[PDB]
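Structure first, commentary second.
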Amino acid sequence: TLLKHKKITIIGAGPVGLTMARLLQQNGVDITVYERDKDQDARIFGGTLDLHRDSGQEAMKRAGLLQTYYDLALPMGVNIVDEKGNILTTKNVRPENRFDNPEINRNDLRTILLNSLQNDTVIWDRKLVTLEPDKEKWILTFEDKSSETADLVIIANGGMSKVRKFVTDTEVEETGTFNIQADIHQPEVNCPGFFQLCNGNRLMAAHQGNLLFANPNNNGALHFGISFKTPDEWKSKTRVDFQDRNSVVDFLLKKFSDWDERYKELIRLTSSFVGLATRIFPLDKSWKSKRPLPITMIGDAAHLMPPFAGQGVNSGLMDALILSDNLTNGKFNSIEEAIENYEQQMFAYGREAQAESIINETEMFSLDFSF
Ligand SMILES: Cc1cc2nc3c(=O)[nH]c(=O)nc-3n(C[C@H](O)[C@H](O)[C@H](O)COP(=O)(O)OP(=O)(O)OC[C@H]3O[C@@H](n4cnc5c(N)ncnc54)[C@H](O)[C@@H]3O)c2cc1C
């Protein structure tokens, strides 16, 4: 009854926003999702996601999508490999644990979520630019100069959201590490040396402060990421131009001088690199207790943190579960109280996850680290 005759708008059709949409809409709420991506066919760059039983999988179950997730997810082994290609540990998958946290492609996840929504729930090509309250409703203005209205706004548009003002003025901060990601499509053909070294398992390696993570089978592509402490020179002078492949390759081949040729080949064979400083949206300061209209935040928009904890999507999916529950479970007598309780709970597990992620980051990039 809280949401009677209420138009709810979710900003962002990432995993968290689509899951929030589903959890509300299945209860007959009036939901719209605004997504900047041009259309549903847009390729989502990055690695695979794994849903944990007590958070992400619980959200999928509550949404009716757990078996669909299992159908499309792949259980993956993991090898810890030294810089010379020697496997130090092979942690293959046990049929016992195949459903513990199988890896799902990000586009596959978006599709099962989209398929669970009514048609035309997501409005594509809508990059929200301004969000200001008018009367008792929010005014949403998009890059394409269109405008829309809503009674409640849930911000789920990622860690770099520019529309957080009415919730908090806290700013994103860099943590001191940097990540470079890329894909090699059809790796069996195009990087056979490294693909064979992976041996059908995810690969992790750490050397001289440089971490390499790779997944040889993300829907026909090998995805890899190289992470390190941000060079201090970058702080003032830019040394690597991430629009110039050859600039990136020259830097990485320098860093990877001591590594086996199969790793150097992987770098030489990548057509395009994506470089990003690790960031956090810290939960140190409380959010604003006075807001002009109902608004809150979920996912990375709420608690962006370094991904080396394996945290990330599962916290966001718990946000959607708790916020959706609060809004539909009859326990609260206003939207504001339902939101405030959600934020209370999220700050709790969010602060915990952020603290673990910073510890792990400090440990993983120390020169003594060994997995
Ligand atoms: C290098 C790296 C590796 C990671 N690895 C993992 C991992 O292994 N496991 C894990 O669980 N997590 C991982 N994470 C984190 C995980 O990807 C995020 O937690 C997760 O994607 C957050 O989902 P979200 O829906 O909050 O935001 P996002 O996935 O960022 O989705 C936000 C959506 O909003 C859209 N959007 C943005 N701005 C606007 C706008 N103005 N208007 C409209 N729409 C907009 C975006 O296009 C996008 O669709 C990793 C993160 C990084 C950076």
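Simple scheme: letters A, B, ... for chains in structure tokens order, numbers from 1 for residues in each chain, numbers from 1 for ligands in the order shown.
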Task: Contacts of stretch 93-98 of chain A at 12 Å (only C-alpha atoms; same-chain gap of 5+ positions) as a ChimeraX atom specification - done: /A:50,52-53,70-71,73-79,103,200-202
Open item on the list: as JSON, numbers by chain, please: every residue in stretch 213-313 of chain A that DSSP puts in strand (DSSP E).
Closed with: {"A": [213, 214, 215, 216, 217, 218, 221, 222, 223, 224, 225, 226, 227, 228, 229, 274, 275, 276, 277, 278, 279, 280, 295, 296, 297]}
Could those residues be written to a file, using C-alpha atoms, as a PDB file, in the first residue's frame?
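Contents of the output file out_29.pdb:
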ATOM      1  CA  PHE A 213      43.520 -12.176 -13.816  1.00  0.00           C
ATOM      2  CA  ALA A 214      42.062 -14.008 -16.830  1.00  0.00           C
ATOM      3  CA  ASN A 215      38.930 -15.945 -17.702  1.00  0.00           C
ATOM      4  CA  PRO A 216      39.497 -17.942 -20.907  1.00  0.00           C
ATOM      5  CA  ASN A 217      35.786 -18.528 -21.567  1.00  0.00           C
ATOM      6  CA  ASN A 218      33.492 -15.531 -21.305  1.00  0.00           C
ATOM      7  CA  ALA A 221      36.189 -14.387 -25.445  1.00  0.00           C
ATOM      8  CA  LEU A 222      39.123 -14.446 -23.092  1.00  0.00           C
ATOM      9  CA  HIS A 223      38.849 -11.558 -20.648  1.00  0.00           C
ATOM     10  CA  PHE A 224      41.892 -10.430 -18.685  1.00  0.00           C
ATOM     11  CA  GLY A 225      42.813  -7.680 -16.268  1.00  0.00           C
ATOM     12  CA  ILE A 226      46.196  -6.356 -15.124  1.00  0.00           C
ATOM     13  CA  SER A 227      46.232  -4.342 -11.887  1.00  0.00           C
ATOM     14  CA  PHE A 228      48.974  -2.489 -10.007  1.00  0.00           C
ATOM     15  CA  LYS A 229      49.653   0.496  -7.811  1.00  0.00           C
ATOM     16  CA  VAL A 274      40.410  -0.217 -21.027  1.00  0.00           C
ATOM     17  CA  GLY A 275      42.215   1.610 -18.232  1.00  0.00           C
ATOM     18  CA  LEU A 276      40.599   2.738 -15.016  1.00  0.00           C
ATOM     19  CA  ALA A 277      41.798   3.979 -11.648  1.00  0.00           C
ATOM     20  CA  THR A 278      40.333   2.000  -8.791  1.00  0.00           C
ATOM     21  CA  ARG A 279      37.739   4.082  -6.969  1.00  0.00           C
ATOM     22  CA  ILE A 280      35.608   4.012  -3.840  1.00  0.00           C
ATOM     23  CA  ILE A 295      15.088   9.297  -3.454  1.00  0.00           C
ATOM     24  CA  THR A 296      17.746   6.770  -2.616  1.00  0.00           C
ATOM     25  CA  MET A 297      20.707   4.880  -4.131  1.00  0.00           C
TER      26      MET A 297
END
Open item on the list: From the options A:334, A:67, A:314, A:40, which residue's atoms come nearest to residue A:125, counting only C-alpha atoms?
Closed with: A:40
Open item on the list: Give me the residues near residue A:11 as a list in words, where near means some atom within 10 Å (using only C-alpha atoms) and where sequence neighbours in that chain fewer than 3 positions away do not count.
Closed with: residues 8, 14, 17, 18, 32, 33, 34, 35, 36, 122, 126, 127, 128, 140, 153, 154, 155, 156, 157, 158, 161, 163 and 297 of chain A
Task: Distance criterion (only C-alpha atoms): nearest to residue A:325 out of A:360, A:370, A:27, A:271 - done: A:27
Open item on the list: For a quick check of understanding, using only C-alpha atoms, which of A:149, A:199, A:341, A:68 has the smallest distance to residue A:90?
Closed with: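 Of all the options, A:199 lies closest to residue A:90.
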Task: Gap from atom CA of residue A:350 to atom 6 (C, counted along the ligand's line) of ligand 1 - Å, one decimal - done: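 Computed distance, atom CA of residue A:350 to atom 6 (C, counted along the ligand's line) of ligand 1, equals 15.7 Å.
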TODO: Find, counting only C-alpha atoms and all ligand atoms, the residue in A:177, A:190, A:86, A:311 that gets nearest to ligand 1.
DONE: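 Selected residue with least distance to ligand 1: A:311.
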Selection: 9 Å around residue A:170, only C-alpha atoms, excl. self and same-chain fewer than 6 positions, as a PDB file with N, CA, C and O atoms, in the first residue's frame:
ATOM      1  N   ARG A 164      23.792  12.273  -7.532  1.00  0.00           N
ATOM      2  CA  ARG A 164      23.647  11.857  -6.154  1.00  0.00           C
ATOM      3  C   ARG A 164      23.311  13.001  -5.218  1.00  0.00           C
ATOM      4  O   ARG A 164      22.950  12.736  -4.071  1.00  0.00           O
ATOM      5  N   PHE A 281      33.409   4.858  -3.333  1.00  0.00           N
ATOM      6  CA  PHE A 281      32.409   5.861  -2.947  1.00  0.00           C
ATOM      7  C   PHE A 281      32.208   5.628  -1.455  1.00  0.00           C
ATOM      8  O   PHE A 281      31.451   4.731  -1.064  1.00  0.00           O
ATOM      9  N   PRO A 282      32.956   6.306  -0.588  1.00  0.00           N
ATOM     10  CA  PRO A 282      33.071   5.841   0.795  1.00  0.00           C
ATOM     11  C   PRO A 282      31.761   6.079   1.549  1.00  0.00           C
ATOM     12  O   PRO A 282      31.028   7.037   1.305  1.00  0.00           O
ATOM     13  N   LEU A 283      31.486   5.162   2.461  1.00  0.00           N
ATOM     14  CA  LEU A 283      30.315   5.219   3.338  1.00  0.00           C
ATOM     15  C   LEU A 283      30.678   5.782   4.717  1.00  0.00           C
ATOM     16  O   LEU A 283      30.040   5.468   5.724  1.00  0.00           O
ATOM     17  N   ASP A 284      31.711   6.624   4.760  1.00  0.00           N
ATOM     18  CA  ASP A 284      32.163   7.199   6.021  1.00  0.00           C
ATOM     19  C   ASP A 284      31.147   8.192   6.559  1.00  0.00           C
ATOM     20  O   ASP A 284      30.805   8.171   7.744  1.00  0.00           O
ATOM     21  N   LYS A 285      30.650   9.067   5.697  1.00  0.00           N
ATOM     22  CA  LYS A 285      29.714  10.103   6.084  1.00  0.00           C
ATOM     23  C   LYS A 285      28.293   9.649   5.781  1.00  0.00           C
ATOM     24  O   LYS A 285      28.019   9.054   4.726  1.00  0.00           O
ATOM     25  N   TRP A 287      24.329   9.957   4.861  1.00  0.00           N
ATOM     26  CA  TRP A 287      23.620  10.651   3.803  1.00  0.00           C
ATOM     27  C   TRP A 287      22.663  11.703   4.391  1.00  0.00           C
ATOM     28  O   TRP A 287      22.482  11.810   5.599  1.00  0.00           O
TER      29      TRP A 287
END
TODO: Using atom CA of residue A:291 and atom 42 (N, counted along the ligand's line) of ligand 1 as the two end points, give the distance in Å to one decimal.
DONE: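 Computed distance, atom CA of residue A:291 to atom 42 (N, counted along the ligand's line) of ligand 1, equals 20.8 Å.
As for atom 12 (N, counted along the ligand's line) of ligand 1 and atom CA of residue A:82, they are spaced 24.3 Å apart.
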Task: Nearby residues (only C-alpha atoms) at most 12 Å from residue A:189, same-chain spacing under 2 positions excluded, as a ChimeraX atom specification - done: /A:184-187,191-196,216,220-222,269
Open item on the list: I need the alpha helix (DSSP H) residues of stretch 139-346 of chain A per DSSP on the backbone, written as number ranges by chain.
Closed with: A: 187-190, 192-198, 232-236, 245-255, 261-268, 300-303, 313-328, 335-346
Open item on the list: Here is a test: counting only C-alpha atoms, which residue of A:171, A:337, A:183, A:368 is nearest to residue A:207?
Closed with: A:368
Open item on the list: Which residues are close to residue A:205, i.e. within 6 Å by only C-alpha atoms, leaving aside same-chain residues fewer than 4 positions away? Reply as number ranges by chain.
Closed with: A: 80-82, 211-212
TODO: Write out as a list in words each polymer residue whose atoms come within 9 Å of residue A:313, counting only C-alpha atoms; drop sequence neighbours fewer than 3 positions from it.
DONE: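 Counting only the stated atoms, we get residues 15, 16, 49, 50, 51, 56, 299, 300, 310, 316, 317 and 318 of chain A.
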Open item on the list: Nearest residue to ligand 1 out of A:61, A:331, A:235, A:38, using only C-alpha atoms and all ligand atoms?
Closed with: A:38
